[PDB]
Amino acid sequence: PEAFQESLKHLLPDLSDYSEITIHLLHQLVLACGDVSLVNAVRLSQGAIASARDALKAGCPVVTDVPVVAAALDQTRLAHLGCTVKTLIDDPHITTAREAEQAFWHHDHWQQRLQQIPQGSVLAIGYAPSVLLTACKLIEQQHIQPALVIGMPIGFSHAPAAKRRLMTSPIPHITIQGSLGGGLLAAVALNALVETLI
């Protein structure tokens, strides 16, 4: 789980184009939010790219936390690959970490839907830290086994240590160290991996 400069170092003596893909992803994130810091804050695990491509080529399920993340996904490219897209809740108005944490407090069985995610799924969490925390716990206990976790919720003061907990996970992941998150960032990240595949 390392930064741009370090990743790039070890990916350049590779036959694959993982270095080009990594910088494409950073570029797309910066074009979404306008913040060059993400070169530092963004963290990919070794084998994140490879696990992503392998899962996408096999037409993996894709699960997002909330609808706005799903709706920003490149839906037609994903359909061509045979990937289906689902959300953990259906609330149409979620724009902040507070609206998200509130909404995941009302629904009584989103944890059920998370627990049922198919092995090999891509899990993209753009809004709610508590959902990312629950995902990390289920992974540790070996109840779920996604191919990839994209964890880019917003970080708030006294948040569930979620992004930091994801960095210790044995599951391939991409995250944003610190309090940056939300917007469409999680969807942009996944889109960058989709568009460099087809």
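When you see a residue number, it is the position in the sequence shown, counting from 1.
- Averaged over their C-alpha atoms, the temperature factors of 157 to 165 and 56 to 64 are higher for 157 to 165.
- Averaged over their C-alpha atoms, the temperature factors of 79 to 87 and 100 to 108 are higher for 100 to 108.
- Placement of the Cα temperature factor of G151 within the chain: lowest third of the modelled residues, per the deposited record.
- Among the modelled residues of its chain, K137 has a C-alpha B-factor that falls in the highest third according to the deposited record.
- The PDB entry assigns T175 a C-alpha temperature factor belonging to the middle third of its chain's modelled residues.
- When all modelled residues of the chain are sorted by CA temperature factor, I144 is found within the middle third.
- Looking at the C-alpha B-factors along this chain, the one for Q28 belongs to the lowest third.
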